[PDB]
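Asks: Coordinates in protein11.pdb, PDB, C-alpha atoms, are listed below.
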```pdb
ATOM      1  CA  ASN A  42     -53.219 -97.127 -24.521  1.00  0.00           C
ATOM      2  CA  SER A  43     -55.751 -99.850 -23.651  1.00  0.00           C
ATOM      3  CA  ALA A  44     -53.192-101.512 -21.390  1.00  0.00           C
ATOM      4  CA  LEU A  45     -52.602 -98.294 -19.432  1.00  0.00           C
ATOM      5  CA  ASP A  46     -56.306 -97.495 -19.423  1.00  0.00           C
ATOM      6  CA  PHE A  47     -57.195-100.779 -17.778  1.00  0.00           C
ATOM      7  CA  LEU A  48     -54.392-100.200 -15.293  1.00  0.00           C
ATOM      8  CA  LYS A  49     -55.671 -96.679 -14.549  1.00  0.00           C
ATOM      9  CA  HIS A  50     -59.156 -97.996 -13.687  1.00  0.00           C
ATOM     10  CA  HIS A  51     -58.086-100.987 -11.614  1.00  0.00           C
ATOM     11  CA  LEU A  52     -55.754 -98.971  -9.427  1.00  0.00           C
ATOM     12  CA  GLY A  53     -56.667 -96.496  -6.710  1.00  0.00           C
ATOM     13  CA  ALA A  54     -59.339 -96.256  -4.032  1.00  0.00           C
ATOM     14  CA  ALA A  55     -61.590 -99.294  -4.410  1.00  0.00           C
ATOM     15  CA  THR A  56     -65.323 -98.799  -3.852  1.00  0.00           C
ATOM     16  CA  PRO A  57     -66.368 -99.142  -0.177  1.00  0.00           C
ATOM     17  CA  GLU A  58     -68.965-101.884   0.238  1.00  0.00           C
ATOM     18  CA  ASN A  59     -72.280-100.053   0.541  1.00  0.00           C
ATOM     19  CA  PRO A  60     -74.912-102.169   2.399  1.00  0.00           C
ATOM     20  CA  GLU A  61     -77.816-100.584   0.498  1.00  0.00           C
ATOM     21  CA  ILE A  62     -76.297-101.583  -2.824  1.00  0.00           C
ATOM     22  CA  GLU A  63     -75.729-105.181  -1.679  1.00  0.00           C
ATOM     23  CA  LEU A  64     -79.363-105.404  -0.559  1.00  0.00           C
ATOM     24  CA  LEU A  65     -80.738-104.055  -3.838  1.00  0.00           C
ATOM     25  CA  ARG A  66     -78.518-106.375  -5.831  1.00  0.00           C
ATOM     26  CA  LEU A  67     -79.975-109.300  -3.806  1.00  0.00           C
ATOM     27  CA  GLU A  68     -83.508-108.013  -4.365  1.00  0.00           C
ATOM     28  CA  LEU A  69     -82.802-107.788  -8.069  1.00  0.00           C
ATOM     29  CA  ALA A  70     -81.451-111.346  -8.164  1.00  0.00           C
ATOM     30  CA  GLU A  71     -84.393-112.523  -6.075  1.00  0.00           C
ATOM     31  CA  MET A  72     -86.978-110.753  -8.280  1.00  0.00           C
ATOM     32  CA  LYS A  73     -85.312-112.168 -11.394  1.00  0.00           C
ATOM     33  CA  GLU A  74     -85.583-115.647  -9.890  1.00  0.00           C
ATOM     34  CA  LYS A  75     -89.328-115.239  -9.378  1.00  0.00           C
ATOM     35  CA  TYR A  76     -89.834-113.755 -12.819  1.00  0.00           C
ATOM     36  CA  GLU A  77     -88.085-116.598 -14.633  1.00  0.00           C
ATOM     37  CA  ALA A  78     -90.191-119.150 -12.705  1.00  0.00           C
ATOM     38  CA  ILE A  79     -93.440-117.592 -13.855  1.00  0.00           C
ATOM     39  CA  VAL A  80     -92.109-117.396 -17.390  1.00  0.00           C
ATOM     40  CA  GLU A  81     -91.855-121.188 -17.188  1.00  0.00           C
ATOM     41  CA  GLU A  82     -95.409-121.511 -15.943  1.00  0.00           C
ATOM     42  CA  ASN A  83     -96.594-118.958 -18.495  1.00  0.00           C
ATOM     43  CA  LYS A  84     -95.066-121.118 -21.202  1.00  0.00           C
ATOM     44  CA  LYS A  85     -96.858-124.206 -19.868  1.00  0.00           C
ATOM     45  CA  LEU A  86    -100.251-122.499 -19.805  1.00  0.00           C
ATOM     46  CA  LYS A  87     -99.675-121.478 -23.441  1.00  0.00           C
ATOM     47  CA  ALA A  88     -98.838-125.077 -24.357  1.00  0.00           C
ATOM     48  CA  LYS A  89    -102.168-126.204 -22.904  1.00  0.00           C
ATOM     49  CA  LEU A  90    -104.202-123.621 -24.807  1.00  0.00           C
ATOM     50  CA  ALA A  91    -102.529-124.845 -27.970  1.00  0.00           C
ATOM     51  CA  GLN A  92    -104.496-128.092 -27.461  1.00  0.00           C
ATOM     52  CA  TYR A  93    -107.736-126.139 -27.789  1.00  0.00           C
ATOM     53  CA  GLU A  94    -108.963-123.198 -29.841  1.00  0.00           C
TER
ATOM     54  CA  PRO B  57     -80.103 -92.132  -0.969  1.00  0.00           C
ATOM     55  CA  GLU B  58     -79.758 -89.656  -3.869  1.00  0.00           C
ATOM     56  CA  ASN B  59     -76.906 -91.746  -5.275  1.00  0.00           C
ATOM     57  CA  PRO B  60     -77.008 -92.381  -9.013  1.00  0.00           C
ATOM     58  CA  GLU B  61     -75.857 -96.016  -8.641  1.00  0.00           C
ATOM     59  CA  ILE B  62     -78.411 -96.759  -5.916  1.00  0.00           C
ATOM     60  CA  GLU B  63     -81.238 -95.033  -7.811  1.00  0.00           C
ATOM     61  CA  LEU B  64     -80.220 -96.898 -10.993  1.00  0.00           C
ATOM     62  CA  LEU B  65     -80.468-100.181  -9.078  1.00  0.00           C
ATOM     63  CA  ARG B  66     -83.913 -99.185  -7.801  1.00  0.00           C
ATOM     64  CA  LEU B  67     -84.967 -98.459 -11.365  1.00  0.00           C
ATOM     65  CA  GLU B  68     -83.897-101.907 -12.538  1.00  0.00           C
ATOM     66  CA  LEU B  69     -85.600-103.536  -9.554  1.00  0.00           C
ATOM     67  CA  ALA B  70     -88.798-101.652 -10.401  1.00  0.00           C
ATOM     68  CA  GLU B  71     -88.610-102.694 -14.073  1.00  0.00           C
ATOM     69  CA  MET B  72     -88.066-106.372 -13.289  1.00  0.00           C
ATOM     70  CA  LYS B  73     -91.028-106.172 -10.925  1.00  0.00           C
ATOM     71  CA  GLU B  74     -93.167-104.555 -13.635  1.00  0.00           C
ATOM     72  CA  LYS B  75     -92.129-107.286 -16.065  1.00  0.00           C
ATOM     73  CA  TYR B  76     -93.100-109.783 -13.406  1.00  0.00           C
ATOM     74  CA  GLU B  77     -96.513-108.304 -12.652  1.00  0.00           C
ATOM     75  CA  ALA B  78     -97.289-108.512 -16.373  1.00  0.00           C
ATOM     76  CA  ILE B  79     -96.826-112.272 -16.627  1.00  0.00           C
ATOM     77  CA  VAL B  80     -98.698-112.730 -13.345  1.00  0.00           C
ATOM     78  CA  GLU B  81    -101.432-110.802 -15.120  1.00  0.00           C
ATOM     79  CA  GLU B  82    -100.759-112.621 -18.369  1.00  0.00           C
ATOM     80  CA  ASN B  83    -101.339-116.011 -16.736  1.00  0.00           C
ATOM     81  CA  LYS B  84    -104.488-114.723 -15.027  1.00  0.00           C
ATOM     82  CA  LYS B  85    -106.022-114.434 -18.472  1.00  0.00           C
ATOM     83  CA  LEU B  86    -104.594-117.782 -19.553  1.00  0.00           C
ATOM     84  CA  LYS B  87    -105.872-119.861 -16.615  1.00  0.00           C
ATOM     85  CA  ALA B  88    -109.267-118.177 -16.969  1.00  0.00           C
ATOM     86  CA  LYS B  89    -109.432-118.675 -20.744  1.00  0.00           C
ATOM     87  CA  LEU B  90    -108.142-122.225 -20.341  1.00  0.00           C
ATOM     88  CA  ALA B  91    -111.156-123.254 -18.243  1.00  0.00           C
ATOM     89  CA  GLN B  92    -113.340-122.320 -21.211  1.00  0.00           C
ATOM     90  CA  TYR B  93    -112.123-125.506 -22.889  1.00  0.00           C
ATOM     91  CA  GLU B  94    -111.349-127.518 -19.767  1.00  0.00           C
TER
END
```
Rewrite the coordinates I just gave you, this time as structure tokens.
Replies:
Amino acid sequence: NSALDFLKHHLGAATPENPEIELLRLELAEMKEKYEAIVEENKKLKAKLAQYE
Amino acid sequence: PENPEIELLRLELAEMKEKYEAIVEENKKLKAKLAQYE
């Protein structure tokens, strides 16, 4: 039963907040921020080259 | 720590970083090729 299943997963010992995991998640978010910025720049450089060639 | 969840997170962090070093490298070529017209 999907109802019981969901209940069975959301009940019990929650996951203790691990400091290493929180860090890594913030590094991931941070790295993704930087990546998306450069994707913007990368798209601008490509727009410029379109003018030439 | 030899924790699957932690190691998985490190793998994703490493991938995102690899995807990021590729555009950084990708633009290197662009800027350089761009000044062949500008």
Asks: Please report as a ChimeraX atom specification which residues of chain A come no farther than 12 Å from chain B, using only C-alpha atoms.
Replies: /A:56,59-94
Asks: The selected residues should be written to file as an mmCIF file, in the coordinates of the input (atoms: C-alpha atoms).
Replies:
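Written output follows (selection.cif):
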```cif
data_model
loop_
_atom_site.group_PDB
_atom_site.id
_atom_site.type_symbol
_atom_site.label_atom_id
_atom_site.label_comp_id
_atom_site.auth_asym_id
_atom_site.auth_seq_id
_atom_site.Cartn_x
_atom_site.Cartn_y
_atom_site.Cartn_z
ATOM 1 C CA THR A 56 -65.323 -98.799 -3.852
ATOM 2 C CA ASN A 59 -72.280 -100.053 0.541
ATOM 3 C CA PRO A 60 -74.912 -102.169 2.399
ATOM 4 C CA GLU A 61 -77.816 -100.584 0.498
ATOM 5 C CA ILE A 62 -76.297 -101.583 -2.824
ATOM 6 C CA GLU A 63 -75.729 -105.181 -1.679
ATOM 7 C CA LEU A 64 -79.363 -105.404 -0.559
ATOM 8 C CA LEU A 65 -80.738 -104.055 -3.838
ATOM 9 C CA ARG A 66 -78.518 -106.375 -5.831
ATOM 10 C CA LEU A 67 -79.975 -109.300 -3.806
ATOM 11 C CA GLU A 68 -83.508 -108.013 -4.365
ATOM 12 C CA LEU A 69 -82.802 -107.788 -8.069
ATOM 13 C CA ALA A 70 -81.451 -111.346 -8.164
ATOM 14 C CA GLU A 71 -84.393 -112.523 -6.075
ATOM 15 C CA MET A 72 -86.978 -110.753 -8.280
ATOM 16 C CA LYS A 73 -85.312 -112.168 -11.394
ATOM 17 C CA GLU A 74 -85.583 -115.647 -9.890
ATOM 18 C CA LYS A 75 -89.328 -115.239 -9.378
ATOM 19 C CA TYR A 76 -89.834 -113.755 -12.819
ATOM 20 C CA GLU A 77 -88.085 -116.598 -14.633
ATOM 21 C CA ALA A 78 -90.191 -119.150 -12.705
ATOM 22 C CA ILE A 79 -93.440 -117.592 -13.855
ATOM 23 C CA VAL A 80 -92.109 -117.396 -17.390
ATOM 24 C CA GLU A 81 -91.855 -121.188 -17.188
ATOM 25 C CA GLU A 82 -95.409 -121.511 -15.943
ATOM 26 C CA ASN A 83 -96.594 -118.958 -18.495
ATOM 27 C CA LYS A 84 -95.066 -121.118 -21.202
ATOM 28 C CA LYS A 85 -96.858 -124.206 -19.868
ATOM 29 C CA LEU A 86 -100.251 -122.499 -19.805
ATOM 30 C CA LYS A 87 -99.675 -121.478 -23.441
ATOM 31 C CA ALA A 88 -98.838 -125.077 -24.357
ATOM 32 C CA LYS A 89 -102.168 -126.204 -22.904
ATOM 33 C CA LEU A 90 -104.202 -123.621 -24.807
ATOM 34 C CA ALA A 91 -102.529 -124.845 -27.970
ATOM 35 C CA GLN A 92 -104.496 -128.092 -27.461
ATOM 36 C CA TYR A 93 -107.736 -126.139 -27.789
ATOM 37 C CA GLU A 94 -108.963 -123.198 -29.841
#
```
Asks: Which value, in Å to one decimal, gives the distance between CA of residue 60 in chain B and CA of residue 52 in chain A?
Replies: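 Separation of CA of residue 60 in chain B and CA of residue 52 in chain A: 22.3 Å.
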Asks: For CA of residue 57 in chain A and CA of residue 59 in chain B, quote the distance in Å rounded to one decimal.
Replies: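 CA of residue 57 in chain A sits 13.8 Å away from CA of residue 59 in chain B.
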Asks: Could you tell me how far CA of residue 51 in chain A lies from CA of residue 64 in chain B, in Å and to one decimal?
Replies: 22.5 Å
